[PDB]
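Here the structure comes first, spelled out in structure tokens, and everything after it is commentary.
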Number of protein chains: 2
Amino acid sequence: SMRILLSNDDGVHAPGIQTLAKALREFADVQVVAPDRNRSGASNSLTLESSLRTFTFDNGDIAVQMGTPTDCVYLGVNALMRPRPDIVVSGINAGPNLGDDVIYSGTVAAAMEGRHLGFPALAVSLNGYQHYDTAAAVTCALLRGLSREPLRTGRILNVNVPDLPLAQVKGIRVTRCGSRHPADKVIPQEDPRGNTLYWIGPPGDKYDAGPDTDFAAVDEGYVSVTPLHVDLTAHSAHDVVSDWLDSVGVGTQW
Amino acid sequence: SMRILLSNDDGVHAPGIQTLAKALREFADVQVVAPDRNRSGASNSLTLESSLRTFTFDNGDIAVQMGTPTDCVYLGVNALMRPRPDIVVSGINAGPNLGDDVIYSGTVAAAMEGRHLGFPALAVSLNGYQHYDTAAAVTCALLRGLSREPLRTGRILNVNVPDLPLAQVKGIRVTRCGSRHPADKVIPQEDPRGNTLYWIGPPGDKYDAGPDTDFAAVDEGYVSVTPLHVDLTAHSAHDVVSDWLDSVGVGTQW
Ligand SMILES: [Mg+2]
Ligand SMILES: [Mg+2]
Ligand SMILES: [Mg+2]
Ligand SMILES: [Mg+2]
């Protein structure tokens, strides 16, 4: 029987995490450790300058007060869940986590804190706000898959589910992260005293959203599965950077 | 003359950013947009549910109230600095940003918001707290390098500088991100009422810190330069994941 640490970024009160919890609890042992509020956009932020306080609800759900998604899964794996989880599942997020958006994603960051466990961590996002049932069914299928046979490579799976009835989901695609044009919108709003305050605007239009991208798969009505890692190295740039330094004489006398 | 957006994660009052600002201001036009406090560990977190307020100091430095490093550079590039910057520089951080730590780094996240500009963004971290002068000299050299000849590939450079007098710095190494064993320490501390609160503990020991890693370069007394990107795809896992799904019958009827 699977021991699952269930988290998210929308917080313990989100219908996405509550729907998923109910679904997982009929075949696995589930412990929720999640934020006390909506921490969308929290990325892999974590609390270093202060200790963290936990609040427990009547049903055993743990909220970490002011806790980030990373905080929650870190504490869950390393202190709060005993015996330790076999797997971390983060979701179901209200909204997609696609392309270069993933760098900002609390949903994904929560899953990343489960990267050292025996099973790949799952981040699960719904491309909308209606069909949580569909995302729950997809998640359960993946977990049953993992019970059938272990995944040998890939420590985090980023799963995006079309906001459609399950019957309309076309299948599954293994994808890579797409990307957007640079986001540049800032929305000013005056306070009552006439001071200009600034909202972060919507993202840029899709740029890389073709063959084999997560964007394209979801658009076409497929579940997108993208294996992720935490190595941020642009390996392909190595020789260019090295040659550039030599060319401009930085790091060398000659 | 270079127009530089200067940020960090330690905030506007940090000696690292103040030291660097002074150094850059004698050959470039510099605008500081940085957090109002120490936001170490903020990763690429950004403020979505609220507007952001800016506070300006006597010297023209802009602090974004409760602003994350990502918030600061985003607003700087897209609203607060006119004309727009040619480059983003984030640092000098008090402490290294190496290996898999970079996913949690506010220093690096700030630089990433400059990835769309004409010059590669620089994240600059000191491996200690003494020789900011050394890190400043290294940063200036890189910027002069960029004025000599453009870097054709690599949109973010993660720079780590040994905490040594410049004369003792051995040179420069183009590196890849190393990694650590899983971090698992949690430090409990009782509040005055007898409630257990939890601190995030120190990172795990170095795991991948050999040939060509950022860890190794800094340890040996070299400046480490690692080109980064925002594509989190584990490309090497693609076929394994695809074959696994087929094997366990997830996404396929057969
Ligand atoms: Mg969310
Ligand atoms: Mg030289
Ligand atoms: Mg810092
Ligand atoms: Mg099947």
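Residue numbering restarts at 1 for every chain, and letters A, B, ... go by the order of the sequence lines.
At least one side-chain heavy atom of A:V186 sits less than 4.5 Å from a side-chain heavy atom of B:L75. Under the 4.5 Å side-chain criterion, counting only non-hydrogen atoms from C-beta, B:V240 is in contact with A:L151. Taking the side chain as every heavy atom from C-beta outward, A:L157 and B:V241 approach each other to under 4.5 Å. Between B:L98 and B:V218, the closest side-chain pair of non-hydrogen atoms falls below 4.5 Å. Looking at heavy atoms from C-beta onward, B:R115 lies in side-chain contact with B:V230 at the 4.5 angstrom threshold. Looking at heavy atoms from C-beta onward, A:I200 lies in side-chain contact with B:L46 at the 4.5 angstrom threshold. Annotation: side chain of A:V33 is in contact with side chain of A:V64 (closest heavy-atom distance under 4.5 Å). Residues A:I62 and A:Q31 have side chains in contact (heavy-atom distance under 4.5 Å, counting atoms from C-beta outward).
Proximity of a side-chain donor or acceptor of A:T153 to a complementary backbone N or O of B:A237 within less than 3.5 Å is not detected. In terms of modelled atom types and a separation under 3.5 Å, the side chain of A:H238 and the main chain of B:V174 share a donor-acceptor contact.
Residue pairs meeting the side chain to side chain donor-acceptor pair (under 3.5 Å) criterion with at least one member in residues 132-143 of chain A, sequence neighbours excluded, do not occur.
To the nearest 0.5 Å, atom OG of residue A:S90 and atom CG of residue A:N158 are 9.5 Å apart. Atoms CZ and CG, on B:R155 and B:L228 in that order, are 11.5 Å from each other to the nearest 0.5 Å. Note: B:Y104 OH to A:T68 OG1 = 10.0 Å, rounded to the nearest 0.5 Å. The CD1 atom of A:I92 lies 4.5 Å from the CG atom of A:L20; values are rounded to the nearest 0.5 Å. Atom CG of A:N38 sits about 6.5 Å away from atom CD of B:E49, to the nearest 0.5 Å. Atom CZ of B:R53 is separated from atom CG of B:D36 by 12.5 Å, given to the nearest 0.5 angstrom.
In terms of heavy atoms, A:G204 sits closest to A:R180 at O-NH1, 3.1 Å. Across all their heavy atoms, B:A34 and B:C72 have their closest contact at C-SG, 3.3 Å. Between B:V88 and B:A110 the shortest heavy-atom distance is CG1-O, 3.9 Å. Taking both residues in full, the closest heavy atoms of A:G67 and A:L52 are given as CA-CD2, 4.2 Å, listed atom of the first, atom of the second, then distance. Here the closest non-hydrogen pair linking A:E149 and B:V248 is CB-CG1, 3.6 Å. Nearest heavy-atom pair across A:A216 and A:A209 is CB-O, 3.4 Å.
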Notebook entry, point to check: Which is it for A:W244 and B:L146 under the side-chain contact (heavy atoms from CB on, under 4.5 Å) test, yes or no, and what are the steps along the way?
Noted result: CA-CA 9 Å; A:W244 172 76; B:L146 289 165; 3.5 Å; yes
Checklist line | A:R3 vs A:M81, side-chain contact (heavy atoms from CB on, under 4.5 Å): CA-CA, chis, key distance, verdict | finding: CA-CA 9 Å; A:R3 294 195 57 82; A:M81 194 176 177; 3.6 Å; yes
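The neighbour count for A:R84 CZ, taken as heavy atoms of other residues, nucleotides or ligands under 6.0 Å away, does not exceed 12. Atom CD of A:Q168 is surrounded by more than 12 heavy atoms from other residues, nucleotides or ligands within 6.0 Å.
A donor-acceptor contact closer than 3.5 angstrom links the side chains of B:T47 and B:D71. Between the side chains of A:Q189 and B:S51, no donor-acceptor pair is found at a separation under 3.5 Å. Between the side chains of A:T175 and A:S224, at least one donor-acceptor pair of N or O atoms lies under 3.5 Å. In summary, the side chains of B:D9 and B:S105 do not present any donor paired with an acceptor at a separation below 3.5 Å, with no hydrogens or angles considered. A:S43 and B:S43 share a donor-acceptor pair across their side chains, judged by distance under 3.5 Å alone.
At a threshold of 4.0 Å, the pair B:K206-B:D214 does not count as salt-bridged, since none of the basic side-chain nitrogens sits closer than that to a carboxylate oxygen. At a threshold of 4.0 Å, the pair A:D10-A:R39 does not count as salt-bridged, since none of the basic side-chain nitrogens sits closer than that to a carboxylate oxygen. Salt-bridge formation is not detected for the pair B:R176/A:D231: no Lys NZ or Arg NE/NH1/NH2 atom is positioned less than 4.0 Å from an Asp or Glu carboxylate oxygen.
Remark: B:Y198 engages no residue in a side chain to side chain donor-acceptor pair (under 3.5 Å) (not counting sequence neighbours). Residues satisfying the side chain to side chain contact (heavy atoms under 4.5 Å, CB included) criterion with B:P211, sequence neighbours excluded, are absent altogether. Looking at residues two or more places apart in sequence or on another chain, you find a side chain to side chain contact (heavy atoms under 4.5 Å, CB included) between B:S179 and B:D100, B:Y207, B:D208. Scored by the ring-ring contact (aromatic ring centres under 6.0 Å, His included) test, B:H116 finds no partners at all (sequence neighbours excluded).
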Enumerate donor-acceptor pairs with a distance under 3.5 Å from any side-chain N or O in residues 117-129 of chain A to protein atoms, sequence neighbours excluded.
| residue | atom | partner | partner atom | Å |
| --- | --- | --- | --- | --- |
| A:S125 | OG | A:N97 | ND2 | 2.8 |

